[PDB]
Each structure stands twice: as structure tokens, then as C-alpha cells.
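Okay, so we've got a single protein chain in two different forms coming up as C-alpha cells, structure 1 first and structure 2 after it.
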Structure 1
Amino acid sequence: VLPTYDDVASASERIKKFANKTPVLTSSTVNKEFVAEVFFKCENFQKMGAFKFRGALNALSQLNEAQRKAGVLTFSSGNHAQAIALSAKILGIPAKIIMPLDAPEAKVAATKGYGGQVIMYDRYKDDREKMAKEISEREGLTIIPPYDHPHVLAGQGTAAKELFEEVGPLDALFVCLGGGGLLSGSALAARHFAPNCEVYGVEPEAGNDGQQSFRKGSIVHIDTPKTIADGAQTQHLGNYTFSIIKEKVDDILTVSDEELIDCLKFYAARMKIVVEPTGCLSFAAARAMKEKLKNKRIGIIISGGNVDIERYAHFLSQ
């Protein structure tokens, strides 16, 4: 049932033709403050702006003939929707995207630019799931989970795979945590390339269901948390993702929005890169324990840079 590093390896092969082997950035400013060597895997530079492109492409690249012709459908309010839309376009698969009537104009335009057929719903009614079921069952459309899927998580893991192949062994790896696709895929990669590398997942303190699950040994559900980390407002971990996280992740950490904001500002002012709030979870945690990272080689996964410009300007002004 559970994917292994071999699936991450095969995913690298499947996506090689379309995915970006994103650059790894370093900062003399960061290295100084940490008294270590930090390596940033920039998935904000990934096709469509987030790491999710990897898992979306890996999953769509394996649908059967009937599904390819019928098409796919998404209703997620996060990066998965655009990851699926772009992946579908690249693979010649029709894609319908359910979005709120008040969705950011730039996001709607981007989705249409990805060939996605936009279907809107009223945000106040929040009829998303109902609509997704009705449309998908009637039209034979396939819905790919944003994280709880073997193909999706294996694909997300290729970012870490690339990081290790480029910089070599790492003593610590920090990864953003929502549903757990990125973390589980990254853990598979880390355990293979660096058995002794400490792997950490990071959640917003207001939504530490992943942390609670890790402690309890069972998946814990919570009400949608209020936090600026819009991509980590997950209510619970996935079955596949948690099964791997529980076995291959060393610990789950949490950071405050205040910390996410300082990190977002730092990325902009010191490293000159645009990172969405949720994509700051990993570095914020690392900074929070820079004292325990002495002279180690540390990997930071920058998950994405898809933040509404107005919102970005807002946080930068905080």
C-alpha cells in the first residue's frame, strides 16, 4: 500500500520532461546567523509556482486511457488546483477547475492560461464538494487528492531527491506540513540519501493537528485553523502520508504567523525571492532553533511562491 523511495525515483523519471530542476540558493547572511550551511530548494521556481506540480504530473501521467479522455476535476482552493490544471494541459487531458466567484483575478487568469475550464460556486454557500461529486460522477471525471495519494506524495518527494543529489548529505531537513504529501515524499527521499538526517515537518501553531497525530499515533482532526498559512489549513493528515510520517519523520514543529511574516520579509529583503506564507513554515522553524543546528548542513524546502500580490504587499508592509 505505501510508496517507497523507489516510487520517488520512478517519479523523477516521469516528470523529468516537464518539471523544473529548481535551483538551490544559499545565503552568506543566513550561514552567518546559523553558524552553519543552509541550502534552500526553491520550489517557488517550480512550474506553476509550487512543488505540487511534481505530484500532479506524476499522478496524471498514470491515469488509464478512459480517464485521460474523460478528464479531471479539482475543487481545492490551494495550489493543487493549478498544479492539476497545468499538468493536465501538458499531458493532453481536459481539466475542469471549480473556483469561488471571488477568486483572485490573477489566479483565475492563470488557470485559464493553463487551459483549465473554470466552474464557479458561491463562497458563502460553499457547495464545492457537492458540486465536485455531481459533476465528476456525471461526466466520468477523475479527482486527484491534493496529498493523500501514493502517486501524489511520491512526486512531491522528488524535490528533496533533487536537493540531496545536488548538495549531497544533509544533517537536517525542514519541510512544510499541510496534508503531508510533501513531508512524506521528502521523508522517503531523506531516509534514502541521508539515514542520519533529522527530518522535520512544520505546521502553523493554530493548526497543529499533524503534530497531535504524530504524538497520539493516530490521525487527529481539527476545525479549519485561522492562520495566514493558507496552504496549511488542512483539518487532518492523509492516511498514506501519516503512515509514512509516523515511521520516517523525526518530529513536527510549529511556528506563529508572526514568525512566518518575518520569514516572508527576510526572503524578500535578504534573498530577493517571493515566498507565500505557507512556504515560510520550514525556514521559520529552522530559525527558531538555529542554536541547535551548530555547524550542520541544513536543507530548507521552499514549498511555493503563489501569494496574491495585494496580500504579499500587505505582509511586506507589516
Structure 2
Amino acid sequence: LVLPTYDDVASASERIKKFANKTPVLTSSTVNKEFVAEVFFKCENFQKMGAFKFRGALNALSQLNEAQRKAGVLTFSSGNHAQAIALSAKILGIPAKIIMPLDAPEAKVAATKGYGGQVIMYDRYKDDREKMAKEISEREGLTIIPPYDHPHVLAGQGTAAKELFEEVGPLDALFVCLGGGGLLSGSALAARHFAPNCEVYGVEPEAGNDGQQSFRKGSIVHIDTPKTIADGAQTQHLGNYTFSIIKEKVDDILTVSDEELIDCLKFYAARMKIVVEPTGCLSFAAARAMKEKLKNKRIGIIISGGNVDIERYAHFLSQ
């Protein structure tokens, strides 16, 4: 596999500049005092469509030629890449078919349809969504734009970390949410450019620690779909492109419980005044767990997204 490099992240910044949001970086006095450090939060929950995914989607679709754009694209996603592709596709006038899990947050499915995406569903725990994707794409002549295991997609996700480092400088540690590895691999490429000798940490829900196992083992570990409220991290295994990069440019993979995610979600709401979906709480939850190692350092936290069903969010806040 020909792996993308920081050069691809840099070019991605150019391709998305026209429509993507240069999301703000927030800080918290409470957090800094508790951690005895300087923590910076990159708010991708404020990105177009509510998650970092718009970056990878636009970067990928922008590189399709005229014929490919007219023919249409297909993708499979837990929900955010789905919305990202739908929005990017609308902007570029590209027809888009999207395969989503039946138990995906209603808000993510609704938004995808609202953007003009044609949605087909699958069972997250029993079906092989990639098998479905291949067949539908092969049968309808559609270009598949994977949710993470693709050079253009992962390179694009890396622009969030790129922007963070350009705004606050190199950081001793960067915490990143981990599902298939697109956000983490892209972030790692940017991290090694701006802070080659610092730390990059991926974080998965404990029930879905396939990435952590792969990292320790040296090969991709496959697990049954994990049951966790982190709906954007229920992947069965890491992508091939992403793992290739993660294995080389990531220092460690951590895990946190759903209980910890909920406490983090409440903290974000009560102390930082921002809405973050469970999956977007992985990074901060892990940072809190290892705060002792972060004393007197500068830390970067990626808030990956904020797309949740309000009713469910209200439920979490009530725990």
C-alpha cells in the first residue's frame, strides 16, 4: 500500500478551504487547574455537519474527475461520514448512495437524507456492510469512498490536528478518538510534522479495543461488533492504510468505559458549554484518566463530533 504523508494532509487543507470551518480552539480554567497543565480543545463538533468527517469527505470527492462525479458515489458509515459525504456530494453535484446501520442515531440518518443522500440500511452487528458496498457499487457502477480506510479520506481528517498545531504550536500529547483509524492516522501524520518527538494517543471504547489489541500484536485484530454508546467507534477492525500509519506514528492506544464517556459528556456540557456525542468524548476521558502523566505539559484534545439525538443526550445528562 502506498501510504499518504503529511504532504497529503497539507494539500487537503487547500482542497477544503472553500467550504470547511476553521473550527475554534477552546480552553478551560477548570481543566488547566485540575491537570496542572495547558489543555487545548479542537472543536470539530463545530465543523460543517457537526463532525470532523466533512474534511475527509470533501478532500476525497474533490479529487474525483468529471465522469466519476456524474456516475455517483457510494459509502458505508455509522452516520457522520454519511452526512459528510451527503453534504460534500450536494456541493459538488454528485449523486450519493449511503449504507447506514439501522440503529444509527436518528439525527444522523435524518441529516443524511436531508442532504439528498439515498439511504439503505444494514444490521450493525450481523451484516457485512463492506460486502454490501462492493456488490451495490459493482452492480451500479458507483465509486466507493470508504469512511476511513482510504488515503484521501484519512489525509483530510488530519487537517483538524494541522489547524490545532498551527494555532497553539507543538503539543506534548494529542488525544484522538479511534474507530477505524482515519482520524487517528491523519492526526498522527500532522502530529509528526509539527511535534515529531511528542506523544500521540488513540482512544477506543473498552468493549471495542480491537485497535489497542492490533497495536500490541502488530497485526489487525478482528472483534464482533462491540456494544457501546460510542456509536462512531463500533468498528470490528482497523483499516489497512490506517493501521499501517498508526503502527508507526502512534505511541499508545487507551480505552475508557461508557460510564467515563457519560461523565465526560456531562463535563463538556456543564463546564465548557458544548454538546459532544459519546464517541467525541473518548479523547478527553482518556486524558483525565492519565492526568498524572500530563502535569506541567501542553495537551491537545480532539472533540470529534457532536451529533446525537437530543432525547438520548438529555438521557445521558440525567445520569
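All residue numbers here follow the sequence of structure 1, with the first residue given the number 1. Heads up, when I say rigid core I mean the largest set of C-alphas that superpose within 1.5 Å between the two forms.
In the overlay on the core between structures 1 and 2, a shift of 2 Å or more in CA position is seen for a single residue of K112, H236, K246, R215, which is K112. Core-superposed comparison between structures 1 and 2: the C-alpha position of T158 differs by less than 2 Å. With a cut-off of 2 Å and the rigid core superposed, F75 has a Cα displacement that reaches or exceeds the cut-off between structures 1 and 2. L86 shows a C-alpha shift below 2 Å between structures 1 and 2 [criterion: core-superposed Cα displacement of 2 Å].
Here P169 exhibits a Cα shift of 1.1 Å between structures 1 and 2, evaluated on the superposed rigid core. Lined up on the core, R123 has its CA atom moved by 8.8 Å between structures 1 and 2. On the core-superposed pair, the CA position of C280 changes by 0.0 Å between structures 1 and 2.
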